[PDB]
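Down below is the structure, laid out as structure tokens.
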2 protein chains.
Amino acid sequence: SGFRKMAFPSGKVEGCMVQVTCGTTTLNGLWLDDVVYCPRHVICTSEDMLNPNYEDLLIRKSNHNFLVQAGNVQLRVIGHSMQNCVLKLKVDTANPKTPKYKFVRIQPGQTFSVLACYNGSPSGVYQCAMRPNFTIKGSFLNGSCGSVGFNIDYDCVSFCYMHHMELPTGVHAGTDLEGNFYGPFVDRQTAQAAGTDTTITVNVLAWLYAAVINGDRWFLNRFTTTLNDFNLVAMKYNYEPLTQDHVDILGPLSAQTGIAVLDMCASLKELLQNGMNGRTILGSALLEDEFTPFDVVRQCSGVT
Amino acid sequence: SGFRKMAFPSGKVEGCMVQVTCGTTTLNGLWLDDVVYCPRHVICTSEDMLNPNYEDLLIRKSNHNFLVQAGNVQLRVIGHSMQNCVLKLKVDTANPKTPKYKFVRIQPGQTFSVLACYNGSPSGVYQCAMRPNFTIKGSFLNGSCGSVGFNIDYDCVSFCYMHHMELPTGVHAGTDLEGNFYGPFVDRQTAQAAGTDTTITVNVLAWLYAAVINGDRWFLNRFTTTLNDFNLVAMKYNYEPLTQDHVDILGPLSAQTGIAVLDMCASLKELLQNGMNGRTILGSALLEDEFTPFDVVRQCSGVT
Ligand SMILES: C=C(C(=O)Nc1ccccc1)c1cccnc1
Ligand SMILES: C=C(C(=O)Nc1ccccc1)c1cccnc1
């Protein structure tokens, strides 16, 4: 027992990290097969970032301007192209450490692990959620661009995120591996509104189920609610409205614990309306929304 | 910016994980050079665990009884020996993936990453602290024994923990890599007192410094305190007494922020006496003690 904010083992992704330099800028790249993916802003100077014309800036660059180094070894760049906000650098050598992989576009509310990197070197790994407003609250400093987010299903790495930007608010924005930003963001040093964010209701319920499985049960009560009544409270507290699709995804946890989803909703309603009263749930003094129902099942069953 | 409970990249450790089976019991082993380390209780049945005579149980076992499998490949065991609560199985092949490594015994209050494993396969990675009472609050299910804790200094992996047991209270106990338990614990299915635990004061202060660096400053006040006065409050709230050695280790953070350590102690004093008033610090509604001053500096500087 015990419940932790667990990340996937990062080994398969560490083997793909490279450093990419163009002019004065250095960031991280992801080397899969004979292609290195990286943020297209590697071609910008600080003069350019206020309003970059990426097509024009890329035209000034040749294959030999992109310096790609896999730890100690230099890769030979034989092609380059921009797809949305990413650059794809074709190299003459397939990465011998390429794992089985997919590129996926995750949905808001889903979770993933991030391998934070600097100069193509891995520094740390952490788990996070894609916020409903398509930002992530990460830990990224200058030079971390190109660090990636991913999930692992046995031996397959599904890459879902590449880091591009820190908004003036200190929250993070990035793209899928085809270079499409999550949310309304553009890769320009301009003030950009991240929409109103909400709490991921289905994940808070999943985490309350993880709390019950792991012995924290003080918040269970004698009440029940309906989706309609619960959603009036979710509205007041800036929580995502719960749907039957969310109830269905919580089915395994409801079956394992014997606590009907609407009964857990009534515990969540009382916690929203009353607070914790100075108590904790799984070592947290707030309602945690960074574990999906799949994460709770995976962690409570020991999936490798 | 941003601050996360970050674990070390687990790749170097994933390459060392193996499965060890003896009789009916399967757990994880750590393969470094030509030795596989694992909990000695791999030789017990459930009948034995209430009061095992490990010397007698090991005498019934031969090299060929220890089945060691590195993913798909079987290792040939040419020797076995018990050192404290670990078994060392000499194999005929050095692990080709052995990183530069050390065995270290960490101090209470220090942090490390755990690579939770099942059947020799890595499932997830998380960061945690060794509690002042020598327990860890991990996420471990049956079959996770033999999973290890570690720190990484550039290319050197310092292994500090091997998981052995879950106490009836749901907290975790284990050993250094020479098989010595941290704390008073013994590898026997018996009720065992974990001492009174305390909050790691120096880590809470380090985390308050991380909060200031990352823009969360609401808790800063117009007060100061002394070590003596602060320690009267630490005593009341079950916090470790702060020493000049702790103040010295916070020197880099005090220098970076310009906030004298005793001034940060006065902010901590007010937070202990007043609570958070429904506010958060770095996304937490409680005072976090799982980041050391070294962790905060490492995360705020981008160490790879
Ligand atoms: C330098 C960063 C950045 O935001 N670049 C950028 C700025 C605007 C548009 C595109 C790229 C940065 C700093 C900290 C964390 N992550 C990223
Ligand atoms: C089976 C476990 C265990 O505690 N074994 C053990 C029990 C007593 C002494 C030695 C070994 C276990 C379960 C969950 C998490 N971690 C470990």
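Since chain A takes its numbers from Swiss-Prot, the residues it shows come out as 3264-3567.
Cβ from N, Cα, C; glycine included.
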Query raised in the report: From A:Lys3353, A:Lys3499, pick the one Swiss-Prot annotates as ubiquitin cross-link?
Result: A:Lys3353
Report summary line: Whole-number Å distance separating the Cα atoms of A:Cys3408 (active site, nucleophile) and A:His3304 (active site, for 3CL-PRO activity) is 9
Report task. Mind checking which of A:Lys3268, A:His3304, A:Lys3353 has the fewest other CB atoms within 10 A of its CB? They're the recorded positions. Result -> A:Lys3353
Query - Integer Cα-Cα distance in angstrom, A:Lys3268 (ubiquitin cross-link) to A:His3304 (active site, for 3CL-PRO activity) - result: 31
Query raised in the report: Of these recorded positions, A:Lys3268, A:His3304, A:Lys3353, A:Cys3408, which are close to chain B by the rule of a Cβ under 8 Å away?
Result: A:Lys3268
Query raised in the report: If you count Cβ atoms within 10 Å of the Cβ of A:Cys3408 (active site, nucleophile), leaving out that atom itself, what do you get?
Result: 26
Query raised in the report: Which of these recorded positions (A:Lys3268, A:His3304, A:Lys3353) have a C-beta closer than 6 Å to some atom of ligand 1?
Result: A:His3304
Report summary line: A:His3304 (active site, for 3CL-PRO activity) to A:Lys3353 (ubiquitin cross-link), Cα to Cα, whole Å, comes out at 17
